[PDB]
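Below you will find one chain, with nothing else, as C-alpha cells; this is the form deposited in one PDB entry, and questions on how it binds or moves follow later.
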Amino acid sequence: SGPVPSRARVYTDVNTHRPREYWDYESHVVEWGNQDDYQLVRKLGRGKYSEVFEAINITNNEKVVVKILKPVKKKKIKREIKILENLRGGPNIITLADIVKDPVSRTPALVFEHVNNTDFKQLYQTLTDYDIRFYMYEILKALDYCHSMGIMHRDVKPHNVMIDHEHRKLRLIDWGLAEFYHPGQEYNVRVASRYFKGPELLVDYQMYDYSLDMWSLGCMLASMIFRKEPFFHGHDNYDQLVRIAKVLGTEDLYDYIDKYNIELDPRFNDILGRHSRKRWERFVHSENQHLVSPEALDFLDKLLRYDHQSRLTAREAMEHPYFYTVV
C-alpha cells in the first residue's frame, strides 16, 4: 500500500485558503531594478549560488547586503524571491530590500538588510544559559511566523542564523531551499544540510511538513547546551541516521518506520545495528552543565523525536518552561 500519509498538526490548510498568486511562485513576475544605487564595500561570504557583499545604497546611505547571483534555474530564483516577499516584515525574517541587476553585465542580485554577524564558531562558546534561551526564542518567533505563512524553511542551521550579538538581533536567512506547505504533497527529501537533516529525510519519507524545521532546531539546541557542534556528526546521509540511532535508539526508529510503512533502503539494516537510547543526562559534563537544566532537557527531548508528528510545533515550543525566564 506504500507509505502512510501524514499532515502537519498546525497551519495545515493555510495555503489551501489563499489564492494561487500567493503560492504559485512559478507564475510570479520578477522585475529587476538598477544595481547602480549600490556601491559594493567588501565581500562577506560565498553562498551555494551567490557571492555576498556588504554595500551602501548611494541614494540614502543605507548599509545593505548584495547577494550577486550565479546562474540558476528561473524556477529556483522565483521561489526564493516569492517566499522572501511573502515573509517580508515578519519577526526575525531577513528583509529583502530590493531586486536589482548590473546594467552592463546583466548579473542579477538580491539586496537585503545587513546584519553584523558573529560567526557561530566564535559566538556559541561565549553564550550564557540565558543567551541560548533568548536566541532560541528568537528563532522560534521566525519559525512560527513562517510556518503560519505556509512556508517550511528546510535549511535551519547555525550558518543560516545571523546574530548581531551587541544588539541582541537575530535574522533567519538563506531561503533558497524553502517551500510552500500543501498537505498531501510528497516532497524531495534532498533538502537541509547533512548534520541537520531530520530522520524523515534520511529514510526517504516524502510527506513531511514544518516539523522538519523543528528537528533541525533541536540539533542546534543540543549543540549549544552540550557544547558539541554539530551534535550528530555523520560521514554521509546513511551514517547520519546511524549517529541519530546511537542516541535515540534503534527500537523507536524501527517503530517509526513500521508506523508509516516506510520502505527502508537495504544498506541500513547492516549499518544501523542495535542501540539502546542514550539518556540526555549522559551528555552533561563539567564544561556544559551551566547551560543545562531539567527544562532544557525536557524541551530538547520533545524536539529530537523520530516521529515528526510528535515533535513540538514552534508555537508549542514557545510555551515551554525553558522560556519562562525569557523577558
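All residue numbers are counted from 1 along the displayed sequence. Think of the rigid core as the biggest set of C-alphas that the two forms share within 1.5 Å after superposition.
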Mean C-alpha B-factor higher for 113 to 121, or for 199 to 207?
113 to 121
Can you tell me whether 233 to 241 has a higher mean C-alpha B factor than 209 to 217 in this record, or the other way round?
233 to 241
Which listed residue, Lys82, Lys73, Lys141, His153, has the largest C-alpha temperature factor in the record?
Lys73
Say you rank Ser286, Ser293, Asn57, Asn34 by Cα B-factor from the PDB entry; which sits at the top?
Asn57
Taking the chain's C-alpha temperature factors as the reference, tell me which third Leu127 falls into: lowest, middle or highest.
highest
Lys157 by Cα B-factor - lowest, middle or highest third of the modelled chain:
lowest
Chain third (lowest, middle, highest) by recorded CA B-factor, residue given as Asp174:
lowest
Cα B factor band for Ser148 (lowest, middle or highest third within the chain)
lowest
Split into thirds by Cα B-factor across the chain's modelled residues, where does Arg227 land: lowest, middle or highest?
middle
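Another form exists, deposited in another entry; not displayed. Remarks below refer to it.
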Of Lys101, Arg194, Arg79, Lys157, which is the single residue whose C-alpha shifts by 2 angstroms or more between this form and the one not shown after core superposition?
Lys101
How about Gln122 - superposed on the rigid core, does its CA move between this form and the one not shown by 2 Å or more?
yes
Answer yes if the Cα of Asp265 shifts by 2 angstroms or more between this form and the one not shown on a rigid-core superposition, and no otherwise.
yes
Could you check whether the CA atom of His290 moves 2 Å or more between this form and the one not shown, using the rigid core for the fit?
no
Where do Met152 and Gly47 end up in the other entry, Cα atoms closer or farther than shown, with a change of 3 Å or more?
farther
Please check whether, in the other entry, the CA atoms of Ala142 and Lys121 lie closer or farther apart than here, given a change of 3 Å or more.
closer
